[PDB]
Each structure stands twice: as C-alpha cells, then as structure tokens.
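Heads up: the structure comes next, in structure tokens.
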Amino acid sequence: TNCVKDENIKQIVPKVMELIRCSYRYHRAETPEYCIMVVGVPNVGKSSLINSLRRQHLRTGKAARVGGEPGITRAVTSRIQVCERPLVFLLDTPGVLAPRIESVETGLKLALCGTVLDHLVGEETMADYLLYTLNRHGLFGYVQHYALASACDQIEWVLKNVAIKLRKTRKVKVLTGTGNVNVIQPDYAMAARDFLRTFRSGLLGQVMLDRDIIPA
Amino acid sequence: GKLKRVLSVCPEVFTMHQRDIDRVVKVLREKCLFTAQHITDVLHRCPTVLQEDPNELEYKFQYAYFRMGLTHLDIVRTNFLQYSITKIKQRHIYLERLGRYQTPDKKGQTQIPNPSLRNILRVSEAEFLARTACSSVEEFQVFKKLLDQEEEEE
Amino acid sequence: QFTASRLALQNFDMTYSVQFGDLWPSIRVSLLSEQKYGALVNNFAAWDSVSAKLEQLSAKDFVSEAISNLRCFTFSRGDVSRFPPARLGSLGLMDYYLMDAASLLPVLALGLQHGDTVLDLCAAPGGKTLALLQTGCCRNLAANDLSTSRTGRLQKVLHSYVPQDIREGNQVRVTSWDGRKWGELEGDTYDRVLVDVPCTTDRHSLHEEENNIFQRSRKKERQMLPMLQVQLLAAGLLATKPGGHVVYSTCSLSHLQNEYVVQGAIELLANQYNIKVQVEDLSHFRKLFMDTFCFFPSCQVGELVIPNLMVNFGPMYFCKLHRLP
Amino acid sequence: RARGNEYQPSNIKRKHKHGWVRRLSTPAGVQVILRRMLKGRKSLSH
RNA sequence: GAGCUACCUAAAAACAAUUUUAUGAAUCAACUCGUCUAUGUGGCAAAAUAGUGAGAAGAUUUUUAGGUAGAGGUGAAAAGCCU
RNA sequence: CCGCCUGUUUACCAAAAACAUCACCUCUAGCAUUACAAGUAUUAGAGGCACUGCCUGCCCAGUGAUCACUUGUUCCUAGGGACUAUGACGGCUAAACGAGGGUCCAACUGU
RNA sequence: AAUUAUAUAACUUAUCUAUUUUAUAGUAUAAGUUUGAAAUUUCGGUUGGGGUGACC
Ligand SMILES: Nc1nc2c(ncn2[C@@H]2O[C@H](COP(=O)(O)OP(=O)(O)NP(=O)(O)O)[C@@H](O)[C@H]2O)c(=O)[nH]1
Ligand SMILES: [Mg+2]
Ligand SMILES: [Mg+2]
Ligand SMILES: [Mg+2]
Ligand SMILES: [Mg+2]
Ligand SMILES: [Mg+2]
Ligand SMILES: [Mg+2]
Ligand SMILES: [Mg+2]
Ligand SMILES: [Mg+2]
Ligand SMILES: [Mg+2]
Ligand SMILES: [Mg+2]
Ligand SMILES: [Mg+2]
Ligand SMILES: [Mg+2]
Ligand SMILES: [Mg+2]
Ligand SMILES: [Mg+2]
Ligand SMILES: [Mg+2]
Ligand SMILES: [Mg+2]
Ligand SMILES: [Mg+2]
Ligand SMILES: [Mg+2]
Ligand SMILES: [Mg+2]
C-alpha cells in the first residue's frame, strides 16, 4: 500500500474482516466493535496508515501525529476509529526494534530507510553504503540530479563535488605537525545528510536493497 | 412564478385568515428553525403545508429530524411534508423493523447503509416492496393492519 | 446504557441473522410485531358452548382441519383479529385459555395415550399443563418447577380450569424441586415426559425489560444455559421408562440451544449410562399443519415453528425422542 | 511589576471626583454630606 | 470607587543613523516589553537588581481631561481585569 | 513538529501549539433624527474557520424522448376528476516567519 | 433537576375609539395560552477509593 497516494489501501479492510471471521473470536465474539492493532519497526508509516484508512473510509482527517523522523509516537494510543460500516478501530503503537539485527549489513539497510536514528550510525558511513548499493545496482540517478560527472565510486570524490553544488562549507580543525589550525573545508556532513534525504524522497530513483536475495 | 403554483395548489390562501398562515410560518421559524430560504421553498414545493393545521406539521418535521436524523436540507429537497403521515410511519417503521433503516447514532454513524429517502416514499407500493423491502405485498398489508391496531391501543 | 432489549436484538443480528440469512428479515419484524393468540377450549360443560361461540367469531380450529383430544380455535390466515378476553363458565370454570398455537404442538406431538404416567418438568404456567390435562382423559400426571411464585400461579390456573374432583385425584401432583435432582428421585417412572427447559425467550426478551436473560448482571446464566439444558434433558431421559417417548421444547431460535443440545444429550446418555435413543421424524405432522404453521427444514433434528407475518405463531422448537431400551 | 503607587495626584481629577459641587449634584451625594455633618467631621469633602 | 487596570471618546506629543524600497520589511539606540540564568528572599524591591533577550513608522508608545460600576462594567477569552 | 505571518494574553509562578489575524463560509435584518448611523444588501449585526490551485460529498422523477404514459400529490365517490416542464468534506500549497517544542554537525570553551 | 417567571416577543376573549350592518380595525387595561432573558433552591444512605451493578 502506498500511503501518500492511498494505493490499494481499500483492499486491506476486506482482508482484515475476512481473516477475523474465519478465526474464533472466543471472548470477544459477542462484542460488535472490531479492534485491530498495527505494529512495526519505526518510520514505516504505521501512524500514517491509521490516518490514511481513517480519511479513506470515515473521511474525517488525521488521527495521529505523523512525522518525518522516527520516534514521533512515544507510547500506545487510544482506539482510533477507521471505518463506520464494520466499526473497525486501529490501535497505534510505537516502533520497536529487536536488540539483535543479525548482520551489520541489515543495519545499514535499516539505517538507509531511516528506521534507526542517523546520529548513532553516522551519515558519513551511511552515505558510502548508498554509493556502493546504487553503483552495484547501476541506477545512476544521482549524476543527473547532482551534476558532478558521468559516474564515480569514491565516497570522498562524490561528497566533495556535491558540497560545491550546494555551496556548503564549514570551518574544521585539522591536526597538523606544527599545531592545531582551523582551516575552512568543504562541508562533507551536509553532503551526506542532503544526499541521504534525496534517496528517501525518491529523487535518485526506486531501488531494491535486497535485490541479491531474490534468487535465494 | 412562485406564487402561481402556490395559488393554483391552494387558492384559499388569500381567503385564509392571517392567524392560520402566521401560525404555520411561525412554527417553522420558532419550532423547526428552518432557514429563511428554506421556508419560502417549502411553501412553493408543497403548498399543502398551509392547509395542514399547526401542531401536526411540527410532529411531522420532528419525525424526520429526530426519528430519522435527517437534516433540514434533506427535508426540503425531498419534499417530505407533502407525503401523508400514515404512509411515512408505515414504511419507515417497516424498514426499521426489517433492519434496512437505522436511526443515526449519537456519533452520527450508521453501521448498515440506509436506503435512499426518495425510494422509501416516492416509488409505488409495488415497486417499494419489490426493491426497498423485497417482501410480499400480502405480508405488508398485514403489517399495515397490525400497526393501525397498535396505534389505536397506544 | 443499553437496555436488555437492545442487547437481545444485537445478539440475534450478529448470530441469528447468519444462521437464517435471507429469512431473517421477515422473522425479525415478526418478533417485533404483536403476537397472535389462539384460544384453547376448556371442554367440560362449556365444551359445546365455546365451539359454537368461536364459530360465530369465524375462528377455525386448525386441529380440526389437520384431522380432516385437544381443539384450539384460531383466526384465519392473515387475520389480525383479537380474541375476546376469557370469561368464566356457568360451572365456574374459565371457558377458554388464550395461548400461542405453536405452544400446543409439543403436547400434540408427544403422542399422549390412555393409561400413562406423565411428568412435566419445569412446566410453569406455560399453558401446556392445562392443555395436557385436557388430553389426560386417563393419564396420571406430575408437575415440577424450580421457582415457587412461578409455580404458585400454576396452581391458580389449575383451580380455574381443572375441576376439583380431577385435581383431587393423585393424577394431578404439583411439586417444586430441581429438575436435575428429580432424575434420580423417580427413574423410569413416566412413559411420556415433556421437558420445557428455560430458554432465552426471544419474543419476551425483546418486548419485556423485566426478568430479561440479556441483562448484564445475568451474563453468567445466559452463557451456561446450554449446559443446564443438557442436564435437564438428561434428567428426563433417566426418568422416562423403557420404550418411553419424550419431547424437548425450546422457545429460542438459537442453533446452539436447539439441535446441539439434543444430540449432545443423546451422546452423553449413550456413553455414561449406556443407553440408546431412537430419532423420530415428524415431517408428516408438518405436512398436515402447513396451513396453520410454517417450518424451515434446515434443522437436522426438531421441528422449529418460524414466526411469519401471515402466521405469527412462533417461535417453538420441539423434538420428540423415544427411549429405545 | 511593583505595586503601591496607584495614587497619581491630579487636583482637577480630585476635585471633580470627590469635590463639593460633585457631592451636591446627586441626593445620594448630598446624603454623604449629611451624615458627615452629623458625625462632626473637620472636612465634609475635598 | 475606572488617578491602578480593561475598553472607548476628545485634544495632543515622540521616533536618531543605516539598507531596502515604498513596507503591521531589515540592522540597531531612545523608548516599549519581560524569553532565559543568576542573585535576592523581613530583600533596594509586598515582584527588584545584574546579565541576557523581543519589538522599535506601527494593530506603535506616551501625556492630559472625560465616559462605562458590582443582578454590573470591560475583555485580540487568561473565567483576565475593575486601587 | 506546531502555528500561515506582524500582532495579543493569565499585573505578582505558564508568552505557547493558546487568542487575534487577512481570505473564505454561515445566519439575521428592506430601514431614519442619541449606539449601529446622519448609514441602506458590493451595506450593518452575530458566529464560525489559515488562505491557495487540486482531488473531492451526497443532491441531480422514471421510461418513451422539446413531446406521451407510468408514478407522485390531492379531492369527489375502486371508479372518476384535479395537479405535477457537485457543497457538510479532505489532503494540503510552501515558501516565509518564531526569546515556540524536539533534535544533529561544526567551532568553542573551567561544563 | 424541582418550583416559578407582567425580560421579550407573540396571539385569544374582554375593556375601549373609530368606523360599516354585523364587520374588519387598533388598544395607557385585565384574565388566559404559548415560548424562556432570567431569579430561587437542592445535591439520601450502605457498599476497603473509581466507573457499572446494585442493595435500603
Ligand atoms: N513518500 C512516502 N512517505 C511515506 C509513505 N508512508 C509514510 N511516509 C512518511 O513516513 C512518515 C510516517 O511514519 P511515522 O508514522 O512517523 O512512523 P511510525 O512508525 O509511527 N514511528 P514513530 O514512533 O516515530 O511515530 C512521514 O514522514 C510520512 O510522510 C509513503 O508511502 N511514501
Ligand atoms: Mg495603597
Ligand atoms: Mg497612570
Ligand atoms: Mg483617566
Ligand atoms: Mg486589552
Ligand atoms: Mg527613524
Ligand atoms: Mg506586557
Ligand atoms: Mg531584533
Ligand atoms: Mg524580527
Ligand atoms: Mg519595524
Ligand atoms: Mg480558555
Ligand atoms: Mg483591590
Ligand atoms: Mg504564531
Ligand atoms: Mg509575534
Ligand atoms: Mg502568570
Ligand atoms: Mg508574546
Ligand atoms: Mg514568564
Ligand atoms: Mg516563541
Ligand atoms: Mg562536535
Ligand atoms: Mg441556602
């Protein structure tokens, strides 16, 4: 389901009802109201899905503080009405990550999509993973969006030019033999942050991070 | 143009005493809270309202507003007032008892979609039962006889 | 917030509607609409008088058409006329008893025969007793009911209709004891047993707020009704003599309370007590009573009387079981 | 802020509000004078 | 009791320099305000002081006289103000 | 993230996301010698709501086809006449602005 | 919520002044009917606190 364009969201509600009927409600069999729960890792659009269904069916409006950085909804929320005809309510939950994320490569994909805060991982390290993945995939969307060169696979090289494109610079202390001197330098950090934002905004192009695993 | 249809439908309006006309208009403004435009529209669309005595129209409107939850705009467009009270009560309850029609709840949401207001009243009895209720004509005749007896007891 | 009637309607919509599907609309309105009453004659001195008077009213005994010892005059199909209030006879006995026609089918179905001993567990003032008494030309009887006040009026009814001499005979015995406990008391004692288990009384539950099984406080009882029904039905099966016939009657339309109860009880008797029950088919009985009653054949066991707008005599679910050994 | 300085003296304001001519304007004001004369006050008004 | 304060009427006054332009725009004094921290806590003070901050040609600030009074007045609504 | 902006508020514990605000929407009133107003519907009062292009409610007699029937509504008694020629909703611009609530990098430092 | 309610508006019969042979006008008032701006007064008891059940 595409939340922003509400692609196929209508299909979810009939499926939700169909599965419930086959299953035995047990204690809640007599209760007419239907309550459902949405749970996932942070920044997967859980809250916006509740709002999207609410507007699509009940056409009322936002019922969740949607935000662009993980951690918006801190805890559980009261039942949110979704559809009057089946009287189905959605229960919002905060994103939860298991402490074990298997290989570190999975974390990079998890960080790339924004599920985990970019601070602890570091945009600079993440920015490299984007270049490797995009180059391996061959989707050279960035070169058109960022007019740097035909192609490149050096993280340092791409960061240098894009900063010039954005006209971003900063003053950074650089250790040298004769002392510590604050010498102006291109703003690499902004390039990583700005580059990362474009990828998740779709400017670079659609990607399949796990393309290698389909053959299995 | 508005007057000619009203004049033709109910010529006695001119002969009718000022009290009768004022009471009918006063009820809508002070007891039904109809908007000024709607009040003029209601008289034009169904001029028979003036013929009806006061304190019976008010019950008729409250039946639509409260029992059926319909808004003021809905009543004017569908011309509920022209239809007789007996016909509305028989059909509306029959639908309600059959589960087709539910009065909107406090939150304003109906679990099961209601049927078109025009379908309930405008269509003929044969078409009404055939489509709205999907029941036999003979059974409806029994219901009308049953409902009347209950009203007499009430 | 919700009244007991509102909750009762809610349960049928979620459960009963699914069971009957497209038939539910007519049944739903039927229950809300006023019930149809059928006058039952008291026989005795007024035996001829009431029959002639009822003919003037244009009421026709559906039993008489079925034949073409109980006769119950009823109004014509689709007739909404109301029978006049019952009045006392010359001898001091009420001329007729107003009751639901379907309520008399369990008695007519039980195949009452002369020289029999009959038990009426949880009979209450349901009218079947009085009707059964009129059938009991030569049949010792017995009445039981858990409550007292409920049973208190039952005696008043007997006083009004049953003559004192007949009541004085041991034939008429009134008691108020637990049905399940009653099974041990008199095992294999009564050839014919009519068991009317307490049910949800859907028609009464919707109309009447008082003593409504769907009240929130009474939640515990409602859930346990199927278990209680099985035990009472099992108690009757224990009490019936070898080769006896028993009829189990349930007012409610519920599939759980009607078909699973009877079949489950038969299984319980077969396993624990090693007893066998022979199923009996009343389809022929249905054919005779089609004019005055409408049934639906979906039920595997039992003959439920669906309330219809043309014939609003429902709901009665009665199944007859014969004790094989 | 700091309270306590509500009194912002103005002779025109003072005499208009609680003056002799102001008091005599209304009978309710004249009865203020009449009571003050009964008590024995040095000054009957401003 | 509206000399405090909310609001209004009338008669008046203040606004440097700089950049935009032609303005409830910008930097920032006079001036208005009162975000933050610290001290104070019978304190200088029954709400201040030291820093730091917001606005500063406008829905601006200020002065003088008058009007609205408690079952009420006023309120860019805090049940805020009315010694 | 929240509010569109400048602005306003609990004097003496909250200056905000709250109030106001332009624009938009709803209701009421056809009028004079003390408010409104020496005014008159493009006006005045009352209240609601950020606006702006775009998706978007229902509502829109039926069948023949500007024409006849079937309906509907009324009467006179089941008959006879008479008459009937997109607006309560969302995404949201989108930018800008903020002694607002959260963050991150850099420099900086006795934190 | 209970009791009232010449704030207003309304209409009805009267009083009353014009008028036409009964009639339609109005009304320094009274008696009603209808709305309610308001005024007045109240917050039973038992359930280890609370909503629901209840019970006296
Ligand atoms: N482009 C795009 N953005 C989407 C889509 N679905 C969700 N988003 C974006 O993802 C965010 C919504 O996820 P959010 O509700 O914040 O995540 P969460 O799972 O509730 N986590 P949290 O605990 O932080 O609230 C918003 O920034 C929203 O615009 C989509 O299909 N497309
Ligand atoms: Mg002082
Ligand atoms: Mg001063
Ligand atoms: Mg002053
Ligand atoms: Mg002010
Ligand atoms: Mg200047
Ligand atoms: Mg201030
Ligand atoms: Mg500044
Ligand atoms: Mg500024
Ligand atoms: Mg300025
Ligand atoms: Mg407030
Ligand atoms: Mg004071
Ligand atoms: Mg703001
Ligand atoms: Mg501001
Ligand atoms: Mg404060
Ligand atoms: Mg401020
Ligand atoms: Mg403060
Ligand atoms: Mg701020
Ligand atoms: Mg650092
Ligand atoms: Mg007192």
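Residue numbering restarts at 1 in every chain; chains get A, B, ... in the order shown in the structure tokens, and ligands count up from 1 in that same order.
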Which residues of chain F are close to chain B, meaning at most 8 Å apart when you count only C-alpha atoms (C1' of nucleotides), and how do they look as a list in words?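 Residues passing the distance filter: residues 59, 71, 72, 73 and 83 of chain F.
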Please check which protein, DNA or RNA residues sit within 10 Å of ligand 14, counting only C-alpha atoms (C1' of nucleotides) and all ligand atoms, and write them as a PDB file with N, CA and C atoms (P, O5', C5', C4', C3', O3' and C1' of nucleotides), in the first residue's frame.
ATOM      1  P     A E  54      16.541  38.601  20.300  1.00  0.00           P
ATOM      2  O5'   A E  54      15.058  39.155  20.452  1.00  0.00           O
ATOM      3  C5'   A E  54      13.946  38.314  20.189  1.00  0.00           C
ATOM      4  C4'   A E  54      12.639  39.021  20.433  1.00  0.00           C
ATOM      5  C3'   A E  54      12.406  40.292  19.639  1.00  0.00           C
ATOM      6  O3'   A E  54      12.035  40.059  18.293  1.00  0.00           O
ATOM      7  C1'   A E  54      11.786  40.642  21.887  1.00  0.00           C
ATOM      8  P     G E  55      12.611  41.001  17.127  1.00  0.00           P
ATOM      9  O5'   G E  55      11.676  42.288  17.187  1.00  0.00           O
ATOM     10  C5'   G E  55      10.289  42.183  16.899  1.00  0.00           C
ATOM     11  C4'   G E  55       9.509  43.359  17.434  1.00  0.00           C
ATOM     12  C3'   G E  55       9.849  44.721  16.855  1.00  0.00           C
ATOM     13  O3'   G E  55       9.301  44.948  15.568  1.00  0.00           O
ATOM     14  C1'   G E  55       9.647  44.889  19.198  1.00  0.00           C
TER      15        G E  55
ATOM     16  P     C F   5       1.368  32.345  12.368  1.00  0.00           P
ATOM     17  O5'   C F   5       2.697  33.150  12.007  1.00  0.00           O
ATOM     18  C5'   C F   5       3.401  32.924  10.795  1.00  0.00           C
ATOM     19  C4'   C F   5       3.859  34.208  10.148  1.00  0.00           C
ATOM     20  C3'   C F   5       3.936  35.432  11.046  1.00  0.00           C
ATOM     21  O3'   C F   5       5.125  35.468  11.813  1.00  0.00           O
ATOM     22  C1'   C F   5       2.847  36.000   9.024  1.00  0.00           C
ATOM     23  P     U F   6       5.177  36.278  13.198  1.00  0.00           P
ATOM     24  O5'   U F   6       4.824  37.774  12.789  1.00  0.00           O
ATOM     25  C5'   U F   6       5.850  38.743  12.645  1.00  0.00           C
ATOM     26  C4'   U F   6       5.298  40.145  12.608  1.00  0.00           C
ATOM     27  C3'   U F   6       4.754  40.686  13.918  1.00  0.00           C
ATOM     28  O3'   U F   6       5.763  41.125  14.809  1.00  0.00           O
ATOM     29  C1'   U F   6       3.244  41.182  12.175  1.00  0.00           C
ATOM     30  P     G F   7       5.673  40.743  16.366  1.00  0.00           P
ATOM     31  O5'   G F   7       4.171  41.096  16.761  1.00  0.00           O
ATOM     32  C5'   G F   7       3.747  42.446  16.886  1.00  0.00           C
ATOM     33  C4'   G F   7       2.243  42.552  16.921  1.00  0.00           C
ATOM     34  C3'   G F   7       1.582  42.189  18.242  1.00  0.00           C
ATOM     35  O3'   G F   7       1.581  43.265  19.165  1.00  0.00           O
ATOM     36  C1'   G F   7       0.487  41.058  16.488  1.00  0.00           C
ATOM     37  P     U F   8       1.794  42.998  20.734  1.00  0.00           P
ATOM     38  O5'   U F   8       0.469  42.241  21.182  1.00  0.00           O
ATOM     39  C5'   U F   8      -0.730  42.952  21.450  1.00  0.00           C
ATOM     40  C4'   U F   8      -1.822  42.019  21.902  1.00  0.00           C
ATOM     41  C3'   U F   8      -1.615  41.369  23.261  1.00  0.00           C
ATOM     42  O3'   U F   8      -2.022  42.202  24.332  1.00  0.00           O
ATOM     43  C1'   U F   8      -2.202  39.714  21.682  1.00  0.00           C
ATOM     44  P     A F  15       5.910  32.120  30.045  1.00  0.00           P
ATOM     45  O5'   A F  15       4.936  32.296  28.801  1.00  0.00           O
ATOM     46  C5'   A F  15       4.992  31.409  27.687  1.00  0.00           C
ATOM     47  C4'   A F  15       4.997  32.173  26.388  1.00  0.00           C
ATOM     48  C3'   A F  15       6.180  33.116  26.216  1.00  0.00           C
ATOM     49  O3'   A F  15       6.485  33.264  24.830  1.00  0.00           O
ATOM     50  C1'   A F  15       4.183  34.378  26.348  1.00  0.00           C
ATOM     51  P     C F  97      12.674  33.442   6.731  1.00  0.00           P
ATOM     52  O5'   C F  97      11.749  33.827   7.968  1.00  0.00           O
ATOM     53  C5'   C F  97      11.346  35.171   8.186  1.00  0.00           C
ATOM     54  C4'   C F  97      10.259  35.265   9.226  1.00  0.00           C
ATOM     55  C3'   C F  97      10.561  34.619  10.569  1.00  0.00           C
ATOM     56  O3'   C F  97      11.369  35.421  11.410  1.00  0.00           O
ATOM     57  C1'   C F  97       8.424  33.946   9.856  1.00  0.00           C
ATOM     58  P     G F  98      12.297  34.730  12.524  1.00  0.00           P
ATOM     59  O5'   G F  98      11.262  34.213  13.617  1.00  0.00           O
ATOM     60  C5'   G F  98      10.542  35.137  14.423  1.00  0.00           C
ATOM     61  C4'   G F  98       9.675  34.444  15.444  1.00  0.00           C
ATOM     62  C3'   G F  98      10.431  33.781  16.595  1.00  0.00           C
ATOM     63  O3'   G F  98       9.750  34.016  17.824  1.00  0.00           O
ATOM     64  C1'   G F  98       9.051  32.188  15.515  1.00  0.00           C
TER      65        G F  98
END
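The protein and nucleic acid residues lying at most 9 Å from range 10-24 of chain B are residues 5, 47, 48, 49, 50, 51, 52, 53, 54, 55 and 57 of chain B; 11 of chain G, with only C-alpha atoms (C1' of nucleotides) considered and sequence neighbours fewer than 5 positions away removed.
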Helix (DSSP H, G or I) residues, from DSSP on the backbone, in range 4-141 of chain C, as a count of residues only: 65
Environment of ligand 11 within 12 Å, counting only C-alpha atoms (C1' of nucleotides) and all ligand atoms, reported as number ranges by chain: E: 77-80; F: 9-10, 18-19
Could you give me the residues within 12 Å of ligand 17, counting only C-alpha atoms (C1' of nucleotides) and all ligand atoms, as a ChimeraX atom specification? /E:34-36 /F:9-10,12-16,99
